[PDB]
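K.L.:
Handing over protein_6.cif, mmCIF, C-alpha atoms.
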```cif
data_input
#
loop_
_atom_site.group_PDB
_atom_site.id
_atom_site.type_symbol
_atom_site.label_atom_id
_atom_site.label_comp_id
_atom_site.auth_asym_id
_atom_site.auth_seq_id
_atom_site.Cartn_x
_atom_site.Cartn_y
_atom_site.Cartn_z
ATOM 1 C CA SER A 600 11.048 -87.662 -22.785
ATOM 2 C CA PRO A 601 14.229 -86.892 -24.797
ATOM 3 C CA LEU A 602 13.193 -88.686 -27.970
ATOM 4 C CA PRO A 603 11.547 -85.623 -29.611
ATOM 5 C CA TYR A 604 14.253 -83.144 -28.605
ATOM 6 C CA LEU A 605 16.549 -85.588 -30.388
ATOM 7 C CA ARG A 606 14.175 -85.661 -33.362
ATOM 8 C CA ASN A 607 14.182 -81.863 -33.535
ATOM 9 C CA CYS A 608 17.983 -81.635 -33.522
ATOM 10 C CA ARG A 609 18.482 -83.722 -36.663
ATOM 11 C CA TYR A 610 15.977 -81.503 -38.492
ATOM 12 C CA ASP A 611 17.839 -78.365 -37.375
ATOM 13 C CA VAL A 612 21.490 -79.318 -37.864
ATOM 14 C CA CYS A 613 20.882 -80.541 -41.436
ATOM 15 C CA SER A 614 18.650 -77.604 -42.409
ATOM 16 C CA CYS A 615 20.158 -74.396 -41.080
ATOM 17 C CA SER A 616 23.002 -72.285 -42.412
ATOM 18 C CA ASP A 617 25.360 -72.941 -39.470
ATOM 19 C CA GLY A 618 24.953 -76.241 -37.655
ATOM 20 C CA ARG A 619 27.267 -75.051 -34.881
ATOM 21 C CA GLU A 620 24.761 -72.948 -32.938
ATOM 22 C CA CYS A 621 21.689 -74.790 -34.239
ATOM 23 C CA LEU A 622 23.149 -77.751 -32.366
ATOM 24 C CA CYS A 623 23.766 -75.751 -29.207
ATOM 25 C CA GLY A 624 20.353 -74.087 -29.265
ATOM 26 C CA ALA A 625 18.662 -77.495 -29.460
ATOM 27 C CA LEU A 626 20.568 -79.172 -26.638
ATOM 28 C CA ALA A 627 19.563 -76.175 -24.518
ATOM 29 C CA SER A 628 15.920 -76.718 -25.473
ATOM 30 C CA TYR A 629 16.214 -79.975 -23.517
ATOM 31 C CA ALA A 630 18.145 -78.666 -20.514
ATOM 32 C CA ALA A 631 15.666 -75.790 -20.273
ATOM 33 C CA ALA A 632 12.869 -78.350 -19.865
ATOM 34 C CA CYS A 633 14.850 -80.618 -17.561
ATOM 35 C CA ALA A 634 15.405 -77.491 -15.458
ATOM 36 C CA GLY A 635 11.730 -76.532 -15.551
ATOM 37 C CA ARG A 636 11.001 -79.772 -13.674
ATOM 38 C CA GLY A 637 13.908 -79.640 -11.208
ATOM 39 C CA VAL A 638 16.994 -81.182 -12.825
ATOM 40 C CA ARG A 639 19.917 -78.936 -13.720
ATOM 41 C CA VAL A 640 22.585 -80.408 -15.998
ATOM 42 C CA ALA A 641 26.219 -79.365 -16.450
ATOM 43 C CA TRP A 642 26.599 -79.903 -20.200
ATOM 44 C CA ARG A 643 28.946 -77.055 -21.179
ATOM 45 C CA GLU A 644 32.490 -77.691 -22.407
ATOM 46 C CA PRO A 645 34.999 -75.807 -24.589
ATOM 47 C CA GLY A 646 33.823 -78.159 -27.342
ATOM 48 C CA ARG A 647 30.118 -78.340 -26.469
ATOM 49 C CA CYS A 648 29.407 -74.626 -26.791
ATOM 50 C CA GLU A 649 30.367 -72.765 -23.655
ATOM 51 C CA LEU A 650 29.265 -69.172 -24.099
ATOM 52 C CA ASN A 651 31.817 -66.366 -23.793
ATOM 53 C CA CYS A 652 30.785 -64.071 -20.982
ATOM 54 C CA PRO A 653 32.736 -60.794 -21.393
ATOM 55 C CA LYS A 654 35.799 -60.003 -19.308
ATOM 56 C CA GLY A 655 33.712 -58.172 -16.713
ATOM 57 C CA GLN A 656 31.401 -61.158 -16.223
ATOM 58 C CA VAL A 657 31.959 -64.836 -15.423
ATOM 59 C CA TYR A 658 29.999 -67.925 -16.412
ATOM 60 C CA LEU A 659 27.600 -69.237 -13.785
ATOM 61 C CA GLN A 660 25.283 -72.242 -13.701
ATOM 62 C CA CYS A 661 22.647 -71.469 -11.044
ATOM 63 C CA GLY A 662 22.491 -67.929 -9.670
ATOM 64 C CA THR A 663 20.231 -65.199 -8.340
ATOM 65 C CA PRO A 664 19.155 -62.439 -10.811
ATOM 66 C CA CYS A 665 18.029 -60.167 -7.954
ATOM 67 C CA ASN A 666 21.230 -58.586 -6.579
ATOM 68 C CA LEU A 667 22.846 -58.103 -10.006
ATOM 69 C CA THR A 668 21.591 -54.903 -11.606
ATOM 70 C CA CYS A 669 22.366 -51.456 -10.253
ATOM 71 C CA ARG A 670 18.648 -50.645 -10.468
ATOM 72 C CA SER A 671 18.115 -53.133 -7.631
ATOM 73 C CA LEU A 672 19.822 -50.897 -5.072
ATOM 74 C CA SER A 673 17.683 -47.949 -6.154
ATOM 75 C CA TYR A 674 14.469 -49.970 -5.639
ATOM 76 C CA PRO A 675 15.396 -52.479 -2.913
ATOM 77 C CA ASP A 676 11.938 -52.811 -1.343
ATOM 78 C CA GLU A 677 10.602 -54.498 -4.489
ATOM 79 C CA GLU A 678 10.196 -58.261 -4.359
ATOM 80 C CA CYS A 679 12.314 -60.574 -6.536
ATOM 81 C CA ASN A 680 10.464 -63.902 -6.516
ATOM 82 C CA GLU A 681 12.741 -65.312 -9.202
ATOM 83 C CA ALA B 682 33.050 -32.277 -39.151
ATOM 84 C CA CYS B 683 36.423 -33.560 -37.904
ATOM 85 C CA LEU B 684 35.391 -34.370 -34.333
ATOM 86 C CA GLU B 685 37.300 -35.277 -31.155
ATOM 87 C CA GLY B 686 36.755 -38.395 -29.063
ATOM 88 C CA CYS B 687 37.403 -42.115 -28.667
ATOM 89 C CA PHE B 688 37.815 -43.995 -31.969
ATOM 90 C CA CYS B 689 39.707 -47.139 -32.963
ATOM 91 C CA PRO B 690 41.945 -47.740 -36.006
ATOM 92 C CA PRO B 691 40.535 -47.759 -39.548
ATOM 93 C CA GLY B 692 40.666 -51.538 -39.876
ATOM 94 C CA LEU B 693 38.298 -51.819 -36.894
ATOM 95 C CA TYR B 694 34.652 -50.716 -36.805
ATOM 96 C CA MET B 695 32.477 -50.158 -33.764
ATOM 97 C CA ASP B 696 30.247 -52.933 -32.401
ATOM 98 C CA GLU B 697 27.274 -52.473 -30.087
ATOM 99 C CA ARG B 698 29.000 -54.102 -27.091
ATOM 100 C CA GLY B 699 31.735 -51.467 -26.693
ATOM 101 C CA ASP B 700 34.386 -53.455 -28.496
ATOM 102 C CA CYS B 701 35.170 -52.561 -32.098
ATOM 103 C CA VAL B 702 35.722 -55.293 -34.657
ATOM 104 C CA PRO B 703 36.720 -55.763 -38.298
ATOM 105 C CA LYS B 704 33.996 -55.710 -40.920
ATOM 106 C CA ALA B 705 33.826 -59.522 -41.060
ATOM 107 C CA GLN B 706 31.650 -59.904 -37.938
ATOM 108 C CA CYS B 707 30.000 -56.483 -38.267
ATOM 109 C CA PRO B 708 26.242 -57.210 -38.126
ATOM 110 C CA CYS B 709 23.491 -55.942 -40.398
ATOM 111 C CA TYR B 710 20.590 -53.699 -39.351
ATOM 112 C CA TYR B 711 17.951 -54.513 -41.964
ATOM 113 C CA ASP B 712 14.562 -53.016 -41.056
ATOM 114 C CA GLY B 713 15.947 -52.325 -37.581
ATOM 115 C CA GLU B 714 16.495 -56.038 -36.964
ATOM 116 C CA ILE B 715 20.053 -56.864 -35.927
ATOM 117 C CA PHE B 716 21.190 -59.853 -37.999
ATOM 118 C CA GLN B 717 24.353 -61.836 -37.388
ATOM 119 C CA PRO B 718 27.272 -61.811 -39.865
ATOM 120 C CA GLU B 719 25.970 -64.920 -41.692
ATOM 121 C CA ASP B 720 22.162 -65.065 -41.858
ATOM 122 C CA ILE B 721 20.590 -66.442 -45.006
ATOM 123 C CA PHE B 722 17.080 -65.171 -44.985
ATOM 124 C CA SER B 723 14.055 -65.193 -47.273
ATOM 125 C CA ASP B 724 10.320 -65.025 -47.667
ATOM 126 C CA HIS B 725 8.848 -66.830 -50.679
ATOM 127 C CA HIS B 726 9.554 -64.023 -53.155
ATOM 128 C CA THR B 727 12.545 -62.047 -51.826
ATOM 129 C CA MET B 728 16.028 -63.367 -51.047
ATOM 130 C CA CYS B 729 18.379 -61.552 -48.678
ATOM 131 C CA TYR B 730 21.620 -62.229 -46.822
ATOM 132 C CA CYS B 731 24.132 -60.389 -44.632
ATOM 133 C CA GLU B 732 27.727 -60.623 -45.835
ATOM 134 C CA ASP B 733 30.030 -58.148 -44.074
ATOM 135 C CA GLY B 734 27.853 -55.340 -42.682
ATOM 136 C CA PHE B 735 25.607 -54.783 -45.687
ATOM 137 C CA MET B 736 22.346 -56.609 -46.380
ATOM 138 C CA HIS B 737 22.368 -57.974 -49.943
ATOM 139 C CA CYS B 738 18.716 -58.267 -50.981
ATOM 140 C CA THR B 739 17.310 -59.400 -54.322
ATOM 141 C CA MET B 740 13.874 -60.357 -55.691
#
```
Written as structure tokens, that's how I'd like the structure from this file.

P.N.:
Amino acid sequence: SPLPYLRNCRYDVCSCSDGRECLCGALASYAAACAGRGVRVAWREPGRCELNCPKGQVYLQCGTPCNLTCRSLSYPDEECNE
Amino acid sequence: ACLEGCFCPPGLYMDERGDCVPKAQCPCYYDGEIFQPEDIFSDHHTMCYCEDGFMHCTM
């Protein structure tokens, strides 16, 4: 149900010091629950708070955090049920 | 002393992520906690904020 995650935005954007990120930490509270049930949403734009991955990295929507870190190659036999 | 290494010009100060930045977005480290450049912040009795690197507390 989106109706509360909408109710919690209007209490955050009017209350906090910077309504820029308070907005874009509340919309993610909804996508993080939509994703916990199965639905991924593509809601990032240059206006709607796309994060700035550094020059080494690139933005990515749905990826595997198992073959990323250099510690993985040192301990490959470990399971990554992520 | 007057050491030798990798610095960046005097207008720029070193950030945690390898880049060095001016003192506008230079975070505060109050009580160990890393606060962002604009974080108004208070219990009931104290009143504290982070302006440009320093944590301006009052009572």

K.L.:
Could you list, as a VMD selection string, every residue within 12 Å of residue 702 in chain B, counting all atoms listed in the file and ignoring same-chain residues fewer than 2 positions away?

P.N.:
chain B and resid 688 to 700 704 to 708 718 733 to 734

K.L.:
With C-alpha atoms retained, export the selected residues as a CSV table (one decimal), in the coordinates of the input.

P.N.:
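Heads up, here's the output in out_25.csv:
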```
chain,number,residue,atom,x,y,z
B,688,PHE,CA,37.8,-44.0,-32.0
B,689,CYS,CA,39.7,-47.1,-33.0
B,690,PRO,CA,41.9,-47.7,-36.0
B,691,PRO,CA,40.5,-47.8,-39.5
B,692,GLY,CA,40.7,-51.5,-39.9
B,693,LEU,CA,38.3,-51.8,-36.9
B,694,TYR,CA,34.7,-50.7,-36.8
B,695,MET,CA,32.5,-50.2,-33.8
B,696,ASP,CA,30.2,-52.9,-32.4
B,697,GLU,CA,27.3,-52.5,-30.1
B,698,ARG,CA,29.0,-54.1,-27.1
B,699,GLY,CA,31.7,-51.5,-26.7
B,700,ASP,CA,34.4,-53.5,-28.5
B,704,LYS,CA,34.0,-55.7,-40.9
B,705,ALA,CA,33.8,-59.5,-41.1
B,706,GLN,CA,31.6,-59.9,-37.9
B,707,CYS,CA,30.0,-56.5,-38.3
B,708,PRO,CA,26.2,-57.2,-38.1
B,718,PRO,CA,27.3,-61.8,-39.9
B,733,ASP,CA,30.0,-58.1,-44.1
B,734,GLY,CA,27.9,-55.3,-42.7
```

K.L.:
Expand the PyMOL selection byres ((chain B and resi 722) around 12) into the individual residues it matches in the shown file, reporting them as a PyMOL selection string.

P.N.:
(chain A and resi 615-616) or (chain B and resi 711+716-721+723-732+736-739)

K.L.:
Is it possible to get the residues within 10 Å of (21.7, -78.0, -16.7) (coordinates as in the file, counting only C-alpha atoms) written as a PyMOL selection string?

P.N.:
chain A and resi 627+629-634+637-643+660-661

K.L.:
Enumerate as a PyMOL selection string the residues belonging to chain A that approach chain B to within 12 Å, with only C-alpha atoms taken into account.

P.N.:
chain A and resi 614-617+620+652-654

K.L.:
Restricting the output to C-alpha atoms, write the selected residues as a short mmCIF file (atom, residue, chain, number, x, y, z; two decimals), in the coordinates of the input.

P.N.:
```
data_model
loop_
_atom_site.label_atom_id
_atom_site.label_comp_id
_atom_site.auth_asym_id
_atom_site.auth_seq_id
_atom_site.Cartn_x
_atom_site.Cartn_y
_atom_site.Cartn_z
CA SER A 614 18.65 -77.60 -42.41
CA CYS A 615 20.16 -74.40 -41.08
CA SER A 616 23.00 -72.28 -42.41
CA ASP A 617 25.36 -72.94 -39.47
CA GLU A 620 24.76 -72.95 -32.94
CA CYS A 652 30.78 -64.07 -20.98
CA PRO A 653 32.74 -60.79 -21.39
CA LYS A 654 35.80 -60.00 -19.31
#
```

K.L.:
Between CA of residue 701 in chain B and CA of residue 618 in chain A, what is the spacing in Å?

P.N.:
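Distance reported for this atom pair: 26.4 Å.
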
K.L.:
In Å, with one decimal, what is the gap from CA of residue 644 in chain A to CA of residue 625 in chain A?

P.N.:
15.5 Å

K.L.:
Measure the distance from CA of residue 648 in chain A to CA of residue 601 in chain A in Å and round it to one decimal.

P.N.:
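So the answer is 19.6 Å.
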
K.L.:
Run the PyMOL selection byres ((chain A and resi 607) around 12) on the file and write out the hits as a PDB file with C-alpha atoms, in the frame of the given file.

P.N.:
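For reference, result-v3.pdb as written:
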```
ATOM      1  CA  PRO A 601      14.229 -86.892 -24.797  1.00  0.00           C
ATOM      2  CA  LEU A 602      13.193 -88.686 -27.970  1.00  0.00           C
ATOM      3  CA  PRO A 603      11.547 -85.623 -29.611  1.00  0.00           C
ATOM      4  CA  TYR A 604      14.253 -83.144 -28.605  1.00  0.00           C
ATOM      5  CA  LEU A 605      16.549 -85.588 -30.388  1.00  0.00           C
ATOM      6  CA  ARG A 606      14.175 -85.661 -33.362  1.00  0.00           C
ATOM      7  CA  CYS A 608      17.983 -81.635 -33.522  1.00  0.00           C
ATOM      8  CA  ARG A 609      18.482 -83.722 -36.663  1.00  0.00           C
ATOM      9  CA  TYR A 610      15.977 -81.503 -38.492  1.00  0.00           C
ATOM     10  CA  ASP A 611      17.839 -78.365 -37.375  1.00  0.00           C
ATOM     11  CA  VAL A 612      21.490 -79.318 -37.864  1.00  0.00           C
ATOM     12  CA  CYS A 613      20.882 -80.541 -41.436  1.00  0.00           C
ATOM     13  CA  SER A 614      18.650 -77.604 -42.409  1.00  0.00           C
ATOM     14  CA  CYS A 621      21.689 -74.790 -34.239  1.00  0.00           C
ATOM     15  CA  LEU A 622      23.149 -77.751 -32.366  1.00  0.00           C
ATOM     16  CA  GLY A 624      20.353 -74.087 -29.265  1.00  0.00           C
ATOM     17  CA  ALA A 625      18.662 -77.495 -29.460  1.00  0.00           C
ATOM     18  CA  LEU A 626      20.568 -79.172 -26.638  1.00  0.00           C
ATOM     19  CA  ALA A 627      19.563 -76.175 -24.518  1.00  0.00           C
ATOM     20  CA  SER A 628      15.920 -76.718 -25.473  1.00  0.00           C
ATOM     21  CA  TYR A 629      16.214 -79.975 -23.517  1.00  0.00           C
TER      22      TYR A 629
END
```

K.L.:
So which residues get picked by the PyMOL selection byres ((chain A and resi 679) around 10) here, written as JSON, numbers by chain?

P.N.:
{"A": [663, 664, 665, 666, 671, 675, 676, 677, 678, 680, 681]}

K.L.:
Would you place a box with edges along x, y and z of the file around all atoms of range 665-674 of chain A listed there, add 3 Å to each of its six sides, and report the centre and edge lengths in Å to one decimal, as JSON?

P.N.:
```
{"center_x": 18.7, "center_y": -54.1, "center_z": -8.3, "size_x": 14.4, "size_y": 18.2, "size_z": 12.5}
```
